[PDB]
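K.L.:
I would like to see how this sequence folds:
(chains A, B, C, D, E, F, G and H, ligands or ions: 59)
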Amino acid sequence: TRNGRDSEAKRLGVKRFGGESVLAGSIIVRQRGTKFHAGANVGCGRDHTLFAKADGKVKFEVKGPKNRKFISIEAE
Amino acid sequence: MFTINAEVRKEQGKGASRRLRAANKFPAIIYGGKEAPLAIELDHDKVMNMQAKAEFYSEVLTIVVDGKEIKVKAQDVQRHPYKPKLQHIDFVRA
Amino acid sequence: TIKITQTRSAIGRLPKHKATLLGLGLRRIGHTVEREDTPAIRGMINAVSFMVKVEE
Amino acid sequence: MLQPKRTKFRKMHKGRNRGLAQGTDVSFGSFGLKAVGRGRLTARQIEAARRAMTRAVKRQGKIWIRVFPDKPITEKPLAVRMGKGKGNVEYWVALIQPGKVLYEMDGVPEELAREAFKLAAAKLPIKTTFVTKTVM
RNA sequence: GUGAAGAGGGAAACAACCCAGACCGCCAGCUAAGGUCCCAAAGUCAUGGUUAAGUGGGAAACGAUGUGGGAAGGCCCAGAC
RNA sequence: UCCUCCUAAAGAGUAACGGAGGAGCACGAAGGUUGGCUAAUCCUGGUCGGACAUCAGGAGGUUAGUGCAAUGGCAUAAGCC
RNA sequence: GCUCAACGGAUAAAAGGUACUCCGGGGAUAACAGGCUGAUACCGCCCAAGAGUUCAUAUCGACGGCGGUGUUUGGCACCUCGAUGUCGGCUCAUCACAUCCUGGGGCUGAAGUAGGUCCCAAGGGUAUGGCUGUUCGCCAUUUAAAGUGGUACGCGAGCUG
RNA sequence: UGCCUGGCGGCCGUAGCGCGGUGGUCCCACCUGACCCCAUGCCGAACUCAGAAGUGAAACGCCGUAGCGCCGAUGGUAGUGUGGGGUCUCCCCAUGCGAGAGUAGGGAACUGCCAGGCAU
Ligand SMILES: [Mg+2]
Ligand SMILES: [Mg+2]
Ligand SMILES: [Mg+2]
Ligand SMILES: [Mg+2]
Ligand SMILES: [Mg+2]
Ligand SMILES: [Mg+2]
Ligand SMILES: [Mg+2]
Ligand SMILES: [Mg+2]
Ligand SMILES: [Mg+2]
Ligand SMILES: [Mg+2]
Ligand SMILES: [Mg+2]
Ligand SMILES: [Mg+2]
Ligand SMILES: [Mg+2]
Ligand SMILES: [Mg+2]
Ligand SMILES: [Mg+2]
Ligand SMILES: [Mg+2]
Ligand SMILES: [Mg+2]
Ligand SMILES: [Mg+2]
Ligand SMILES: [Mg+2]
Ligand SMILES: [Mg+2]
Ligand SMILES: [Mg+2]
Ligand SMILES: [Mg+2]
Ligand SMILES: [Mg+2]
Ligand SMILES: [Mg+2]
Ligand SMILES: [Mg+2]
Ligand SMILES: [Mg+2]
Ligand SMILES: [Mg+2]
Ligand SMILES: [Mg+2]
Ligand SMILES: [Mg+2]
Ligand SMILES: [Mg+2]
Ligand SMILES: [Mg+2]
Ligand SMILES: [Mg+2]
Ligand SMILES: [Mg+2]
Ligand SMILES: [Mg+2]
Ligand SMILES: [Mg+2]
Ligand SMILES: [Mg+2]
Ligand SMILES: [Mg+2]
Ligand SMILES: [Mg+2]
Ligand SMILES: [Mg+2]
Ligand SMILES: [Mg+2]
Ligand SMILES: [Mg+2]
Ligand SMILES: [Mg+2]
Ligand SMILES: [Mg+2]
Ligand SMILES: [Mg+2]
Ligand SMILES: [Mg+2]
Ligand SMILES: [Mg+2]
Ligand SMILES: [Mg+2]
Ligand SMILES: [Mg+2]
Ligand SMILES: [Mg+2]
Ligand SMILES: [Mg+2]
Ligand SMILES: [Mg+2]
Ligand SMILES: [Mg+2]
Ligand SMILES: [Mg+2]
Ligand SMILES: [Mg+2]
Ligand SMILES: [Mg+2]
Ligand SMILES: [Mg+2]
Ligand SMILES: [Mg+2]
Ligand SMILES: [Mg+2]
Ligand SMILES: [Mg+2]
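P.N.:
Numbering: from 1, shown residues only, chains lettered A, B, ... in the order given. Ligands and ions are numbered 1, 2, ... in the order given. Now the structure:
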C-alpha cells in the first residue's frame, strides 16, 4: 500500500579492526562519509574507502583540532 | 539542639547498601575541604522525627563519629520515589 | 594446592559453560581433578562457580 | 482535553513500561497527588479528573497538569481478519511509571485538598496517594 | 536450552516446565529435583511467633473498632473519656 | 527489480498484507586542474522600494548550500566564482 | 537491438465458464460444531455533577474506574476432508439460577388497595390461534405465569423435507 | 643566562568569549605613494610594487578578571553478564562490572627547534 519497500545495506563498517596487522591494498573501513578520516599512510578512495598503502599494524588514533578519527598505518 | 549518632559502614556498594537499607538504616556521605569523604550509615526512623523540621536543612548538625563531633550542615537528600523514606544524604564539612 | 569437584550437571546450560568443563576435564559428577594455580584458573572457575565445589 | 497538535510521524510502536519516574517531587506549588502503580493514562481520564477536581476547588487558587498524552495507540477494526496492515489511531495515551506526578495545586488548604484529590483519585486506574511541599 | 531423533523419579495424569543423559547383569550403598499423618517410603521431630478465616486448597476497584510488630506526637491525680 | 533512515537487541547480517519516503534521468559543464572567496536569518539607514528586489554598515556564526529522497559527510571545503 | 516491468529473463505467440462434471491429494486450508482466550454482547460493583418541592442514595444516574459469566457478533486454523447430516417444527427431557408465577422478611417519595426496588428462596407450574419456510416478531384472546440459558444453537442407526 | 617580540610546532574549550588597563627604540599592523611589474567580473576595498613624514587608535601578545562556557571528585541511582527465584504485563536475591545529570572543587593555558632587541 504505502509501506512495501526496503533495501539491504552494503555491509559497511570497520573490516580490519584497530590493533592487528594488515597488508597493502586491503581495506580497513568501508564507510559513507569521511567518518574515519584520512589517517597515516591510508588512502580515502572514491567512495571514501580506507585502504592501506604500506604493510603492518593498524592503530586507531584520535588526532586533529576538531576531534576527528584518523586510521593509521605503520610498519610492523 | 539537633545531634546525630552514627557509625561507619563495613562494605560499600549496591548489594550491601540494599541490606543496610532493609535493616532500618541508610547511607550518607560527608565531604568537603580537607578531610576525605567519610562514608557512614545513619539511623532511619530516629532521623525521620528530625527531618520533619526546616532546622534540619537550615541549622547546624553535630555528628558523633570516631569520637569526633563533626560540625556539618545539610547539603542534599534523595528519597524513594513512592515511599515515605530517606535514601542518601550529603554533609559538607562547613 | 587446589582441588575441584563437579556437583551439578551440565546439559541444560549454555555452550559458554559446556566448554569450560573441557578446559577443566570434568566428564562426570564427582570427577575430582587437581590443577595448577594462576589468575587464569580462578577466572575459569568463577564462570562455572555455581556447579563446582572447590576443596581447600 | 489534551492532544498533540503535531507528531513528526504518524504511528508509534508500543515500547515497554520499565523504569522509575523522573518528575518525582512537587515542583511548582504546595500540594501534590502522586501515582504508585504501573500503567497507562489516556486522554480522557486526566481531563475527567481535571473537571472532577476543579469542581471541588471552585475556581480558586491554581492547578498545574504536567503529563500530556502523546502515544498514538491504535485499534484493529472489528470483524477484520488480522492481516492487511496496521490500524488507525483511535486516541492518545500517556505512559505513567511508578512515582510520576500528575497534578499540583496551591492556595486552597490541605484538609479540603484531602477529599478534593480523593475525588479525582477515584476516577483513575492506578493507585495514587498525597504528598506535600518539601522544603528541599 | 530442552523437544523433534531420549528412557527414568518429582508437577495426579501431562512431547516442550525444574532434575538429569540409561551399552548388559545384581534381592548392594550415598544423594539431586522433590517428599517424610495413613493411603504410598521416610520427622503427629525440638524450640519458636502470626493465623481462627478450610484461609492453606482461584481474582480486581474499594471497604471496615478482625488481628501482630515498629515509629512519633497531643490530653491526663492542673483526673484526660 | 533497485535506493535512503527505523523496527534490528552499541560490529556484518536478520522477517511479515509492519512504520515513512525516492529512482528506471541528467551534465560538452554541472568534468580535470590552478588561483581566489564564504553562509540562512532579523535589527538600523536609504530613489520611486512595499513585511520580503537591489545598496550600506551591523548582530549572529553553517541554524545555509549540494541537479534530486533521506542518512552520513563536508572549511584544506566535496559549497561559490 | 529485447518497460523480457511477472525486472535470474519458460515460447518468436494466449482469454474465460462449468449447478452436467470427473481424478490424485489435503484438517497444511475455508463453512457446521467443539478448545483456547474475552476485543464487542450481557449482568453485578466504585467515585457521585445533578434530577427528585426540602434531600446523591425510594428510583435513576453524567465525565470516568474495575472485574465476572462464556451468552451474541468476532479473532486464531489446533481434532475433524479414506465425510463427524446443517435451520425450524413434531416426540421426549435433564440440570443450571442472573427467579415469570407461587413462599418469608427489610427500604420507599409505603395510609388501605395495588406497586416501585434490591436480599433469601429452583420443590412444583409455565396459552390455545391468524400470518409467513421461520426461532423471534406483530396481532386477536386467556391465565397465578405465558422466565433466561447450555446440552454438536439436545434429539433425522426416532419422524417430517 | 633573563625579559620582550616576530614564521613554524606539540597541544584540542582547565587551551575559547566577558569587561577594565596595556606595549611600539627593534619587530608587526596601520600608514605613505603609485605609470611600465601585476592588479578590479566597478573601484589601490581585496591583489601587486615603491618607500618610511606620522600613529600604536583599530588590529596583535600580556597581566587583572569566577559572568560564563569547559574539566571534575568521593557517595547514591536504574540498567547489566551468569545463576536461583516472586506477589512473573514487572520487580526482589548473591556476585562482579556500576555510567549520564547534579554537590565539593580546580581552572584566565603549558611547552619545544629557531632569529632580533634590551639588559645581566
Ligand atoms: Mg544487584
Ligand atoms: Mg520511563
Ligand atoms: Mg536448537
Ligand atoms: Mg519428522
Ligand atoms: Mg522423557
Ligand atoms: Mg517421566
Ligand atoms: Mg496441571
Ligand atoms: Mg506417574
Ligand atoms: Mg550412558
Ligand atoms: Mg533439596
Ligand atoms: Mg509409611
Ligand atoms: Mg511441630
Ligand atoms: Mg482479594
Ligand atoms: Mg465530658
Ligand atoms: Mg547491526
Ligand atoms: Mg553537476
Ligand atoms: Mg528595513
Ligand atoms: Mg574545489
Ligand atoms: Mg521470476
Ligand atoms: Mg527471478
Ligand atoms: Mg521465470
Ligand atoms: Mg522465449
Ligand atoms: Mg440449470
Ligand atoms: Mg443443462
Ligand atoms: Mg473427487
Ligand atoms: Mg489423508
Ligand atoms: Mg490442520
Ligand atoms: Mg460461525
Ligand atoms: Mg469454526
Ligand atoms: Mg464458541
Ligand atoms: Mg476467563
Ligand atoms: Mg450479587
Ligand atoms: Mg431524604
Ligand atoms: Mg439503584
Ligand atoms: Mg473437534
Ligand atoms: Mg473413517
Ligand atoms: Mg466434514
Ligand atoms: Mg438470588
Ligand atoms: Mg419489594
Ligand atoms: Mg429443583
Ligand atoms: Mg423447575
Ligand atoms: Mg421437601
Ligand atoms: Mg398450530
Ligand atoms: Mg395462512
Ligand atoms: Mg409464536
Ligand atoms: Mg449452542
Ligand atoms: Mg451455544
Ligand atoms: Mg436452544
Ligand atoms: Mg441442532
Ligand atoms: Mg440422531
Ligand atoms: Mg431436527
Ligand atoms: Mg425443497
Ligand atoms: Mg582590556
Ligand atoms: Mg583592548
Ligand atoms: Mg590598507
Ligand atoms: Mg551513577
Ligand atoms: Mg560522570
Ligand atoms: Mg579557564
Ligand atoms: Mg582573557
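
K.L.:
Which residues of chain D lie near RNA strand F?
P.N.:
D:9-13, D:83-86 (CB under 7 Å from any atom of the strand). For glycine as for every other residue, the C-beta is placed from the backbone atoms N, C-alpha and C.

K.L.:
farthest pair in the residues you listed?
P.N.:
Distance extremes for the residues of chain D next to RNA strand F: the farthest pair is D:9 and D:83 at 22.5 Å, using CB to CB.

K.L.:
picking up where we left off before, who wins on neighbours among the residues of chain D next to RNA strand F?
P.N.:
Highest neighbour count within the residues of chain D next to RNA strand F: residue D:12, with 14 neighbours (other CB atoms under 10 Å in any protein chain shown).

K.L.:
The longest helix belonging to chain D - contacts with which helices or strands?
P.N.:
Looking across chain D with DSSP state H, the single longest helix is helix D:43-57. Packing contacts for helix D:43-57, counted by 3 or more CB pairs under 8 Å, 6 or more residues apart in numbering or on different chains; DSSP states H and E, involve strand D:63-65, strand D:88-96, strand D:101-105, helix D:110-121.

K.L.:
Quickly check: that helix near RNA strand E or not.
P.N.:
No. Helix D:43-57 stays clear of RNA strand E (CB under 7 Å from any atom of the strand), getting no nearer than 12.9 Å.

K.L.:
mind listing what's buried in that helix?
P.N.:
Of the residues in helix D:43-57, those buried by neighbour count under the rule 16 or more other CB atoms under 10 Å in any protein chain shown are D:43, D:45-46, D:49-50, D:52-53, D:56-57.

K.L.:
ok, now stretch A:29-45?
P.N.:
Using 16+ other CB under 10 Å as the burial criterion, the residues of stretch A:29-45 that qualify are A:29-31, A:36-37, A:39-40, A:42, A:44.

K.L.:
Provide the contact partners of the helix or strand that contains residue A:73 at residue level.
P.N.:
According to DSSP states H and E, residue A:73 maps onto strand A:68-74. The contact list for strand A:68-74 (CB atoms under 8 Å, 6 or more residues apart in numbering or on different chains) reads A:18, A:22, A:28-29, A:35-42, A:50, A:52-64.

K.L.:
can we see that at 7 Å?
P.N.:
A:28-29, A:36-42, A:50, A:52-54, A:56-64 (CB atoms under 7 Å, 6 or more residues apart in numbering or on different chains).

K.L.:
follow-up on the earlier one: closest to residue D:109 among the residues of chain D next to RNA strand F?
P.N.:
Nearest to residue D:109, judged by CB to CB, of the residues of chain D next to RNA strand F is residue D:12 at 41.7 Å.

K.L.:
helix/strand/coil for whatever residue of chain A ends up closest to RNA strand H?
P.N.:
RNA strand H sits closest to residue A:65 of chain A, with a gap of 3.2 Å, by CB to the nearest atom of the strand. The assignment at residue A:65 comes out as coil when based on DSSP: H, G, I helix; E, B strand; the rest coil.
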